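Data from run-v4.txt: compact mmCIF, N, CA, C and O atoms
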# COMPACT_ATOMS: atom_id res chain seq x y z
N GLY A 244 -13.69 14.39 -14.74
CA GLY A 244 -12.43 15.04 -15.18
C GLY A 244 -11.59 15.52 -14.01
O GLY A 244 -11.20 14.72 -13.16
N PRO A 245 -11.29 16.83 -13.93
CA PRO A 245 -10.49 17.39 -12.84
C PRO A 245 -11.30 17.58 -11.56
O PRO A 245 -12.39 18.13 -11.58
N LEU A 246 -10.74 17.11 -10.44
CA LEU A 246 -11.41 17.23 -9.15
C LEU A 246 -10.39 17.38 -8.02
O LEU A 246 -9.30 16.82 -8.09
N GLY A 247 -10.76 18.13 -6.99
CA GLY A 247 -9.87 18.33 -5.87
C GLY A 247 -10.60 18.40 -4.54
O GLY A 247 -11.78 18.75 -4.49
N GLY A 248 -9.90 18.05 -3.47
CA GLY A 248 -10.51 18.07 -2.15
C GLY A 248 -9.56 17.59 -1.07
O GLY A 248 -8.91 18.39 -0.40
N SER A 249 -9.47 16.27 -0.90
CA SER A 249 -8.59 15.68 0.10
C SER A 249 -7.63 14.69 -0.55
O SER A 249 -8.06 13.78 -1.26
N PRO A 250 -6.32 14.84 -0.31
CA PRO A 250 -5.31 13.94 -0.88
C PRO A 250 -5.39 12.53 -0.30
O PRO A 250 -5.76 12.35 0.86
N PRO A 251 -5.06 11.51 -1.11
CA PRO A 251 -5.10 10.11 -0.68
C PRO A 251 -3.86 9.67 0.09
O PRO A 251 -3.41 8.53 -0.02
N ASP A 252 -3.30 10.59 0.86
CA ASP A 252 -2.11 10.31 1.66
C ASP A 252 -0.94 9.88 0.78
O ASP A 252 -0.38 8.79 0.96
N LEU A 253 -0.57 10.73 -0.16
CA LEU A 253 0.55 10.45 -1.06
C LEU A 253 1.28 11.74 -1.43
O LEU A 253 0.69 12.82 -1.43
N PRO A 254 2.58 11.64 -1.74
CA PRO A 254 3.41 12.80 -2.09
C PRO A 254 3.00 13.45 -3.41
O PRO A 254 1.93 13.17 -3.95
N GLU A 255 3.87 14.32 -3.91
CA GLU A 255 3.61 15.01 -5.17
C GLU A 255 4.26 14.27 -6.33
O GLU A 255 5.35 13.72 -6.20
N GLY A 256 3.58 14.27 -7.47
CA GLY A 256 4.11 13.60 -8.64
C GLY A 256 3.75 12.12 -8.71
O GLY A 256 3.87 11.50 -9.76
N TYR A 257 3.32 11.56 -7.58
CA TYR A 257 2.96 10.15 -7.54
C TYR A 257 1.45 9.97 -7.53
O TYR A 257 0.69 10.92 -7.31
N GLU A 258 1.02 8.74 -7.75
CA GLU A 258 -0.39 8.41 -7.75
C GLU A 258 -0.54 6.98 -7.33
O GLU A 258 0.20 6.11 -7.79
N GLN A 259 -1.49 6.71 -6.45
CA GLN A 259 -1.69 5.36 -6.01
C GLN A 259 -2.46 4.60 -7.06
O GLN A 259 -3.38 5.14 -7.69
N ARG A 260 -2.11 3.35 -7.26
CA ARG A 260 -2.79 2.52 -8.24
C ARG A 260 -2.97 1.11 -7.71
O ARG A 260 -2.42 0.76 -6.67
N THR A 261 -3.73 0.30 -8.43
CA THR A 261 -3.98 -1.07 -8.00
C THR A 261 -3.73 -2.05 -9.13
O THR A 261 -4.11 -1.81 -10.28
N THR A 262 -3.11 -3.18 -8.79
CA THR A 262 -2.84 -4.21 -9.78
C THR A 262 -4.10 -5.03 -9.99
O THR A 262 -4.97 -5.06 -9.14
N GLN A 263 -4.18 -5.67 -11.15
CA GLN A 263 -5.32 -6.50 -11.55
C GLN A 263 -6.24 -6.92 -10.39
O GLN A 263 -7.44 -6.64 -10.42
N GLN A 264 -5.70 -7.64 -9.40
CA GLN A 264 -6.53 -8.13 -8.30
C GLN A 264 -6.66 -7.15 -7.12
O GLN A 264 -7.14 -7.53 -6.06
N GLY A 265 -6.28 -5.89 -7.30
CA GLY A 265 -6.43 -4.92 -6.22
C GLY A 265 -5.19 -4.74 -5.37
O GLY A 265 -5.30 -4.50 -4.16
N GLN A 266 -4.01 -4.81 -5.97
CA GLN A 266 -2.77 -4.61 -5.22
C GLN A 266 -2.35 -3.15 -5.28
O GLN A 266 -1.98 -2.65 -6.34
N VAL A 267 -2.41 -2.46 -4.14
CA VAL A 267 -2.05 -1.04 -4.10
C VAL A 267 -0.55 -0.86 -4.29
O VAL A 267 0.25 -1.57 -3.70
N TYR A 268 -0.19 0.13 -5.10
CA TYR A 268 1.20 0.45 -5.36
C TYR A 268 1.35 1.92 -5.70
O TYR A 268 0.35 2.63 -5.87
N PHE A 269 2.58 2.40 -5.77
CA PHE A 269 2.83 3.81 -6.05
C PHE A 269 3.46 4.02 -7.42
O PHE A 269 4.55 3.51 -7.70
N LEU A 270 2.76 4.76 -8.27
CA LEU A 270 3.23 5.03 -9.63
C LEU A 270 3.49 6.52 -9.87
O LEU A 270 2.78 7.39 -9.36
N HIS A 271 4.48 6.78 -10.72
CA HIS A 271 4.81 8.14 -11.12
C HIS A 271 4.11 8.47 -12.42
O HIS A 271 4.64 8.21 -13.50
N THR A 272 2.91 9.02 -12.31
CA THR A 272 2.11 9.37 -13.48
C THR A 272 2.96 10.10 -14.52
O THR A 272 2.68 10.03 -15.72
N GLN A 273 3.98 10.81 -14.05
CA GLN A 273 4.86 11.57 -14.92
C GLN A 273 5.64 10.66 -15.86
O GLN A 273 5.55 10.80 -17.08
N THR A 274 6.43 9.76 -15.29
CA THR A 274 7.25 8.85 -16.08
C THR A 274 6.72 7.43 -16.05
O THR A 274 7.46 6.48 -16.30
N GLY A 275 5.43 7.27 -15.73
CA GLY A 275 4.85 5.94 -15.68
C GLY A 275 5.68 4.98 -14.85
O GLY A 275 5.71 3.78 -15.11
N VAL A 276 6.37 5.52 -13.84
CA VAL A 276 7.21 4.71 -12.98
C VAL A 276 6.39 3.94 -11.95
O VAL A 276 5.28 4.33 -11.60
N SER A 277 6.96 2.83 -11.48
CA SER A 277 6.29 1.99 -10.50
C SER A 277 7.25 1.60 -9.37
O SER A 277 8.28 0.97 -9.60
N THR A 278 6.89 1.98 -8.15
CA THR A 278 7.71 1.68 -6.98
C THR A 278 6.85 1.22 -5.81
O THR A 278 5.66 1.55 -5.73
N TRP A 279 7.44 0.45 -4.91
CA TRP A 279 6.73 -0.07 -3.75
C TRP A 279 6.80 0.88 -2.56
O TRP A 279 5.88 0.92 -1.73
N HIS A 280 7.88 1.63 -2.46
CA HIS A 280 8.06 2.57 -1.36
C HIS A 280 7.32 3.87 -1.62
O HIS A 280 7.27 4.36 -2.75
N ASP A 281 6.77 4.46 -0.56
CA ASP A 281 6.07 5.73 -0.67
C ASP A 281 7.06 6.86 -0.41
O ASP A 281 7.78 6.84 0.59
N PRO A 282 7.13 7.86 -1.30
CA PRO A 282 8.08 8.97 -1.14
C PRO A 282 7.87 9.74 0.17
O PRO A 282 8.79 9.88 0.96
N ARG A 283 6.66 10.27 0.35
CA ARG A 283 6.36 11.08 1.53
C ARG A 283 6.83 10.41 2.82
O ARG A 283 7.31 11.08 3.73
N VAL A 284 6.72 9.08 2.89
CA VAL A 284 7.17 8.36 4.06
C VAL A 284 8.63 7.95 3.92
O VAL A 284 9.11 7.73 2.81
N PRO A 285 9.37 7.86 5.04
CA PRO A 285 10.79 7.49 5.02
C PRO A 285 11.04 6.12 4.40
O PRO A 285 10.12 5.31 4.25
N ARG A 286 12.29 5.87 4.04
CA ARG A 286 12.68 4.60 3.42
C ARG A 286 12.83 3.50 4.47
O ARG A 286 12.20 2.45 4.38
N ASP A 287 13.67 3.76 5.47
CA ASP A 287 13.92 2.79 6.54
C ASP A 287 12.62 2.35 7.21
O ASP A 287 12.39 1.16 7.41
N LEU A 288 11.78 3.32 7.55
CA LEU A 288 10.51 3.02 8.21
C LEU A 288 9.34 3.06 7.22
O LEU A 288 8.70 4.09 7.04
N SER A 289 9.08 1.92 6.59
CA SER A 289 7.99 1.81 5.63
C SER A 289 6.89 0.90 6.18
O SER A 289 5.73 1.30 6.26
N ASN A 290 7.28 -0.31 6.58
CA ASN A 290 6.33 -1.26 7.15
C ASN A 290 6.26 -1.09 8.66
O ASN A 290 6.97 -1.76 9.41
N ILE A 291 5.42 -0.16 9.10
CA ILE A 291 5.28 0.14 10.52
C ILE A 291 4.06 -0.55 11.12
O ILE A 291 3.07 -0.80 10.44
N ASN A 292 4.13 -0.82 12.42
CA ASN A 292 3.03 -1.44 13.14
C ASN A 292 2.20 -0.37 13.83
O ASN A 292 2.42 -0.04 15.00
N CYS A 293 1.25 0.19 13.08
CA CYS A 293 0.38 1.25 13.58
C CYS A 293 -0.13 0.97 15.00
O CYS A 293 -0.47 1.90 15.73
N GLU A 294 -0.19 -0.30 15.38
CA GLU A 294 -0.67 -0.67 16.71
C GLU A 294 0.03 0.15 17.80
O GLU A 294 -0.50 0.29 18.91
N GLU A 295 1.21 0.68 17.50
CA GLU A 295 1.97 1.47 18.46
C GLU A 295 1.66 2.96 18.33
O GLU A 295 1.90 3.73 19.26
N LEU A 296 1.14 3.35 17.18
CA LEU A 296 0.80 4.75 16.93
C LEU A 296 -0.69 5.00 17.12
O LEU A 296 -1.11 6.08 17.53
N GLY A 297 -1.49 3.98 16.82
CA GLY A 297 -2.93 4.10 16.95
C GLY A 297 -3.67 2.97 16.26
O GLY A 297 -3.18 2.42 15.28
N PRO A 298 -4.85 2.58 16.77
CA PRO A 298 -5.64 1.49 16.19
C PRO A 298 -5.86 1.65 14.69
O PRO A 298 -5.83 2.76 14.15
N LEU A 299 -6.11 0.52 14.02
CA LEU A 299 -6.37 0.50 12.60
C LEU A 299 -7.72 1.16 12.31
O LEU A 299 -8.68 0.96 13.06
N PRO A 300 -7.82 1.97 11.24
CA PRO A 300 -9.08 2.66 10.91
C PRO A 300 -10.11 1.75 10.26
O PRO A 300 -9.81 0.60 9.92
N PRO A 301 -11.35 2.24 10.07
CA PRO A 301 -12.43 1.46 9.45
C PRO A 301 -11.97 0.84 8.14
O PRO A 301 -11.15 1.42 7.43
N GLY A 302 -12.52 -0.32 7.80
CA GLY A 302 -12.16 -0.98 6.56
C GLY A 302 -10.67 -1.29 6.44
O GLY A 302 -10.01 -0.79 5.54
N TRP A 303 -10.16 -2.14 7.34
CA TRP A 303 -8.75 -2.53 7.31
C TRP A 303 -8.51 -3.86 8.03
O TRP A 303 -9.26 -4.24 8.93
N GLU A 304 -7.44 -4.53 7.64
CA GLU A 304 -7.04 -5.80 8.25
C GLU A 304 -5.51 -5.91 8.21
O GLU A 304 -4.90 -5.70 7.17
N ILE A 305 -4.90 -6.24 9.35
CA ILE A 305 -3.44 -6.37 9.41
C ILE A 305 -3.00 -7.80 9.16
O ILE A 305 -3.61 -8.75 9.67
N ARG A 306 -1.94 -7.96 8.37
CA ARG A 306 -1.42 -9.29 8.06
C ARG A 306 0.09 -9.26 7.84
O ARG A 306 0.70 -8.20 7.86
N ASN A 307 0.67 -10.45 7.63
CA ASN A 307 2.11 -10.58 7.40
C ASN A 307 2.37 -11.26 6.07
O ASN A 307 1.73 -12.25 5.73
N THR A 308 3.35 -10.75 5.33
CA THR A 308 3.72 -11.35 4.06
C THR A 308 4.73 -12.45 4.32
O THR A 308 5.35 -12.48 5.39
N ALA A 309 4.89 -13.35 3.35
CA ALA A 309 5.80 -14.50 3.48
C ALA A 309 7.15 -14.13 4.09
O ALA A 309 7.68 -14.87 4.91
N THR A 310 7.69 -12.99 3.69
CA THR A 310 8.98 -12.55 4.23
C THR A 310 8.83 -12.07 5.67
O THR A 310 9.82 -11.76 6.34
N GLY A 311 7.58 -12.00 6.14
CA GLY A 311 7.29 -11.54 7.48
C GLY A 311 7.05 -10.06 7.49
O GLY A 311 7.13 -9.41 8.54
N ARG A 312 6.75 -9.52 6.32
CA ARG A 312 6.49 -8.09 6.19
C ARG A 312 5.00 -7.83 6.24
O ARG A 312 4.27 -8.18 5.31
N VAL A 313 4.56 -7.25 7.34
CA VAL A 313 3.14 -6.98 7.53
C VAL A 313 2.62 -5.91 6.60
O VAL A 313 3.34 -5.00 6.19
N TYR A 314 1.35 -6.05 6.28
CA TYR A 314 0.65 -5.13 5.40
C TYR A 314 -0.73 -4.82 5.97
O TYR A 314 -0.97 -5.01 7.17
N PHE A 315 -1.66 -4.38 5.12
CA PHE A 315 -3.01 -4.07 5.56
C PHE A 315 -3.98 -4.21 4.40
O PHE A 315 -3.62 -4.00 3.25
N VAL A 316 -5.22 -4.56 4.72
CA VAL A 316 -6.25 -4.71 3.70
C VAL A 316 -7.40 -3.75 3.95
O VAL A 316 -8.16 -3.93 4.90
N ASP A 317 -7.52 -2.73 3.10
CA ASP A 317 -8.57 -1.74 3.24
C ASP A 317 -9.80 -2.10 2.41
O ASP A 317 -9.71 -2.22 1.19
N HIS A 318 -10.94 -2.27 3.08
CA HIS A 318 -12.17 -2.63 2.39
C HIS A 318 -12.98 -1.40 1.98
O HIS A 318 -14.15 -1.52 1.63
N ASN A 319 -12.34 -0.23 1.99
CA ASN A 319 -13.01 0.99 1.58
C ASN A 319 -12.87 1.15 0.07
O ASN A 319 -13.85 1.31 -0.65
N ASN A 320 -11.63 1.05 -0.38
CA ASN A 320 -11.30 1.13 -1.79
C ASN A 320 -11.02 -0.27 -2.34
O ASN A 320 -10.56 -0.44 -3.46
N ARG A 321 -11.32 -1.29 -1.51
CA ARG A 321 -11.12 -2.69 -1.87
C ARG A 321 -9.73 -2.94 -2.45
O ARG A 321 -9.58 -3.13 -3.66
N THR A 322 -8.72 -2.93 -1.58
CA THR A 322 -7.34 -3.15 -2.02
C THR A 322 -6.45 -3.61 -0.86
O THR A 322 -6.88 -3.64 0.29
N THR A 323 -5.20 -3.94 -1.19
CA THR A 323 -4.23 -4.35 -0.19
C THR A 323 -3.12 -3.30 -0.14
O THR A 323 -2.62 -2.89 -1.18
N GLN A 324 -2.77 -2.84 1.06
CA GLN A 324 -1.76 -1.81 1.19
C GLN A 324 -0.43 -2.33 1.70
O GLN A 324 -0.33 -3.44 2.22
N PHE A 325 0.58 -1.48 1.57
CA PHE A 325 1.93 -1.77 2.02
C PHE A 325 2.30 -0.80 3.14
O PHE A 325 2.71 -1.21 4.23
N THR A 326 2.10 0.48 2.87
CA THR A 326 2.36 1.52 3.85
C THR A 326 1.12 1.70 4.72
O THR A 326 0.00 1.48 4.26
N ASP A 327 1.31 2.07 5.98
CA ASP A 327 0.19 2.23 6.91
C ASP A 327 -0.72 3.40 6.52
O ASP A 327 -0.30 4.32 5.82
N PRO A 328 -1.98 3.38 7.00
CA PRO A 328 -2.96 4.44 6.72
C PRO A 328 -2.62 5.75 7.43
O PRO A 328 -3.01 6.83 6.99
N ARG A 329 -1.88 5.63 8.53
CA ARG A 329 -1.48 6.80 9.31
C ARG A 329 -0.04 7.21 9.01
O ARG A 329 0.33 8.37 9.20
N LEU A 330 0.78 6.26 8.57
CA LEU A 330 2.18 6.54 8.28
C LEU A 330 2.31 7.76 7.37
O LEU A 330 2.80 8.81 7.78
N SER A 331 1.87 7.59 6.14
CA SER A 331 1.92 8.66 5.14
C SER A 331 1.24 9.92 5.66
O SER A 331 1.63 11.03 5.30
N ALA A 332 0.22 9.75 6.49
CA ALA A 332 -0.50 10.89 7.05
C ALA A 332 0.02 11.25 8.43
O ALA A 332 -0.46 10.73 9.44
N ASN A 333 1.01 12.13 8.48
CA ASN A 333 1.60 12.56 9.74
C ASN A 333 1.89 14.06 9.74
O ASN A 333 2.47 14.54 8.75
N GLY B 198 7.65 -19.70 -11.04
CA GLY B 198 7.22 -18.75 -12.10
C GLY B 198 7.22 -17.31 -11.63
O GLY B 198 6.68 -17.01 -10.56
N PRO B 199 7.82 -16.39 -12.40
CA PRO B 199 7.88 -14.97 -12.04
C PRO B 199 6.59 -14.23 -12.37
O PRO B 199 6.02 -14.40 -13.45
N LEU B 200 6.12 -13.40 -11.44
CA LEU B 200 4.90 -12.63 -11.64
C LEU B 200 5.22 -11.18 -11.97
O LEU B 200 4.67 -10.60 -12.90
N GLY B 201 6.13 -10.59 -11.19
CA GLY B 201 6.51 -9.21 -11.41
C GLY B 201 7.87 -8.89 -10.81
O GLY B 201 8.12 -9.17 -9.63
N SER B 202 8.75 -8.30 -11.61
CA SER B 202 10.09 -7.94 -11.16
C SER B 202 10.87 -9.19 -10.75
O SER B 202 10.37 -10.31 -10.84
N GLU B 203 12.11 -8.98 -10.30
CA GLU B 203 12.96 -10.09 -9.88
C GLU B 203 12.46 -10.70 -8.58
O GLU B 203 12.23 -11.90 -8.49
N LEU B 204 12.30 -9.85 -7.56
CA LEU B 204 11.83 -10.30 -6.26
C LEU B 204 11.20 -9.15 -5.49
O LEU B 204 11.57 -8.88 -4.34
N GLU B 205 10.25 -8.47 -6.12
CA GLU B 205 9.58 -7.34 -5.50
C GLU B 205 8.07 -7.55 -5.40
O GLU B 205 7.29 -6.77 -5.95
N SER B 206 7.66 -8.59 -4.67
CA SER B 206 6.24 -8.87 -4.49
C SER B 206 5.89 -8.93 -3.00
O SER B 206 5.90 -9.99 -2.39
N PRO B 207 5.62 -7.76 -2.40
CA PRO B 207 5.30 -7.62 -0.99
C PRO B 207 3.79 -7.73 -0.66
O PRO B 207 3.36 -8.79 -0.20
N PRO B 208 2.95 -6.67 -0.86
CA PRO B 208 1.52 -6.77 -0.56
C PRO B 208 0.78 -7.62 -1.58
O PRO B 208 0.83 -7.35 -2.78
N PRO B 209 0.07 -8.67 -1.13
CA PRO B 209 -0.68 -9.55 -2.03
C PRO B 209 -1.97 -8.90 -2.54
O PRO B 209 -2.72 -8.31 -1.76
N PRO B 210 -2.24 -8.99 -3.86
CA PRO B 210 -3.43 -8.41 -4.49
C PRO B 210 -4.68 -8.50 -3.59
O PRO B 210 -4.71 -9.28 -2.64
N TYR B 211 -5.67 -7.66 -3.87
CA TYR B 211 -6.88 -7.61 -3.04
C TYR B 211 -8.03 -8.53 -3.48
O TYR B 211 -8.16 -8.92 -4.64
N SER B 212 -8.85 -8.84 -2.48
CA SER B 212 -10.04 -9.69 -2.64
C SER B 212 -10.60 -10.07 -1.28
O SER B 212 -11.01 -11.21 -1.06
N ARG B 213 -10.59 -9.12 -0.35
CA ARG B 213 -11.07 -9.36 1.01
C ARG B 213 -10.05 -10.17 1.80
O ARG B 213 -9.94 -10.05 3.02
N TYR B 214 -9.29 -11.00 1.08
CA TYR B 214 -8.26 -11.83 1.67
C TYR B 214 -7.13 -12.02 0.67
O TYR B 214 -7.34 -11.91 -0.54
N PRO B 215 -5.90 -12.29 1.14
CA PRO B 215 -4.75 -12.47 0.25
C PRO B 215 -5.03 -13.49 -0.86
O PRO B 215 -4.81 -14.68 -0.69
N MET B 216 -5.53 -13.00 -1.99
CA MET B 216 -5.85 -13.86 -3.13
C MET B 216 -4.67 -13.96 -4.09
O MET B 216 -4.10 -12.95 -4.50
N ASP B 217 -4.31 -15.19 -4.46
CA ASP B 217 -3.21 -15.42 -5.38
C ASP B 217 -3.54 -14.90 -6.78
O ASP B 217 -2.62 -14.37 -7.44

For this file, produce the structure as structure tokens.
Amino acid sequence: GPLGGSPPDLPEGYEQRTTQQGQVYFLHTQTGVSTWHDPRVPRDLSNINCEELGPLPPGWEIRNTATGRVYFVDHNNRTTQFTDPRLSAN
Amino acid sequence: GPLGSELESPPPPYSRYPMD
């Protein structure tokens, strides 16, 4: 049921979720909304290259999407991310 | 074929590797 401790690097009112095959996304549990951008993190700077801020953490893989938009694959929660693991956490 | 939204498909679903 209810549990608390450490936030999953996400703003207030939102909740991270995964699509059928494990696609991480940001949903508004309140209005069942679905968006790709993370609120806590800026709009302009969403797809950042952590390589300049710090190495990728355990359980992760960096890649590029067809449009050339890099992402990451976390093998901790078995999913694919859009925003960096450190971005949201600053 | 459209999967989701008009053109909003950035991070590919999970499976250790970009699985369609």

Residues of chain B within 7 Å of chain A, counting only N, CA, C and O atoms, as an MDAnalysis selection string: chainID B and resid 206:213 216

Could you save the residues just selected, with N, CA, C and O atoms, as an mmCIF file, in the coordinates of the input?
data_model
loop_
_atom_site.group_PDB
_atom_site.id
_atom_site.type_symbol
_atom_site.label_atom_id
_atom_site.label_comp_id
_atom_site.auth_asym_id
_atom_site.auth_seq_id
_atom_site.Cartn_x
_atom_site.Cartn_y
_atom_site.Cartn_z
ATOM 1 N N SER B 206 7.660 -8.590 -4.670
ATOM 2 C CA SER B 206 6.240 -8.870 -4.490
ATOM 3 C C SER B 206 5.890 -8.930 -3.000
ATOM 4 O O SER B 206 5.900 -9.990 -2.390
ATOM 5 N N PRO B 207 5.620 -7.760 -2.400
ATOM 6 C CA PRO B 207 5.300 -7.620 -0.990
ATOM 7 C C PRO B 207 3.790 -7.730 -0.660
ATOM 8 O O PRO B 207 3.360 -8.790 -0.200
ATOM 9 N N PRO B 208 2.950 -6.670 -0.860
ATOM 10 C CA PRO B 208 1.520 -6.770 -0.560
ATOM 11 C C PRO B 208 0.780 -7.620 -1.580
ATOM 12 O O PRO B 208 0.830 -7.350 -2.780
ATOM 13 N N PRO B 209 0.070 -8.670 -1.130
ATOM 14 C CA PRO B 209 -0.680 -9.550 -2.030
ATOM 15 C C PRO B 209 -1.970 -8.900 -2.540
ATOM 16 O O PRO B 209 -2.720 -8.310 -1.760
ATOM 17 N N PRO B 210 -2.240 -8.990 -3.860
ATOM 18 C CA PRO B 210 -3.430 -8.410 -4.490
ATOM 19 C C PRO B 210 -4.680 -8.500 -3.590
ATOM 20 O O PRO B 210 -4.710 -9.280 -2.640
ATOM 21 N N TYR B 211 -5.670 -7.660 -3.870
ATOM 22 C CA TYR B 211 -6.880 -7.610 -3.040
ATOM 23 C C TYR B 211 -8.030 -8.530 -3.480
ATOM 24 O O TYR B 211 -8.160 -8.920 -4.640
ATOM 25 N N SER B 212 -8.850 -8.840 -2.480
ATOM 26 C CA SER B 212 -10.040 -9.690 -2.640
ATOM 27 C C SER B 212 -10.600 -10.070 -1.280
ATOM 28 O O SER B 212 -11.010 -11.210 -1.060
ATOM 29 N N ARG B 213 -10.590 -9.120 -0.350
ATOM 30 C CA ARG B 213 -11.070 -9.360 1.010
ATOM 31 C C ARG B 213 -10.050 -10.170 1.800
ATOM 32 O O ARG B 213 -9.940 -10.050 3.020
ATOM 33 N N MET B 216 -5.530 -13.000 -1.990
ATOM 34 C CA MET B 216 -5.850 -13.860 -3.130
ATOM 35 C C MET B 216 -4.670 -13.960 -4.090
ATOM 36 O O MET B 216 -4.100 -12.950 -4.500
#

Quick one, how far is atom O of residue 283 (chain A) from atom O of residue 248 (chain A)?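 Value for the atom O of residue 283 (chain A)-atom O of residue 248 (chain A) distance: 18.3 Å.
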
To one decimal in Å, tell me the separation between CA of residue 305 (chain A) and CA of residue 247 (chain A).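 Separation between CA of residue 305 (chain A) and CA of residue 247 (chain A): 29.7 Å.
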
If you measure from CA of residue 205 (chain B) to CA of residue 301 (chain A), what distance in Å do you get, rounded to one decimal?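 Result for CA of residue 205 (chain B) versus CA of residue 301 (chain A): 28.0 Å, one decimal.
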
Which polymer residues have any atom within 12 Å of an atom of residue 294 (chain A), counting only C-alpha atoms, with same-chain residues fewer than 3 positions away left out, as a VMD selection string? chain A and resid 290 to 291 297 to 300 304 to 305 313 315 327 to 330

Would you list, as a VMD selection string, the residues of chain A that end up in strand (DSSP E or B) under DSSP run on this structure's backbone? chain A and resid 258 to 262 266 to 271 276 to 278 305 to 307 313 to 317 322 to 324

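Candidate residues A:272, A:284, A:295, A:244 were compared for distance to residue 332 (chain A), and the nearest is A:284, using all atoms listed in the file.
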
Closest to residue 302 (chain A) among A:331, A:255, A:319, A:289, using all atoms listed in the file?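 Smallest distance to residue 302 (chain A) is found for A:319.
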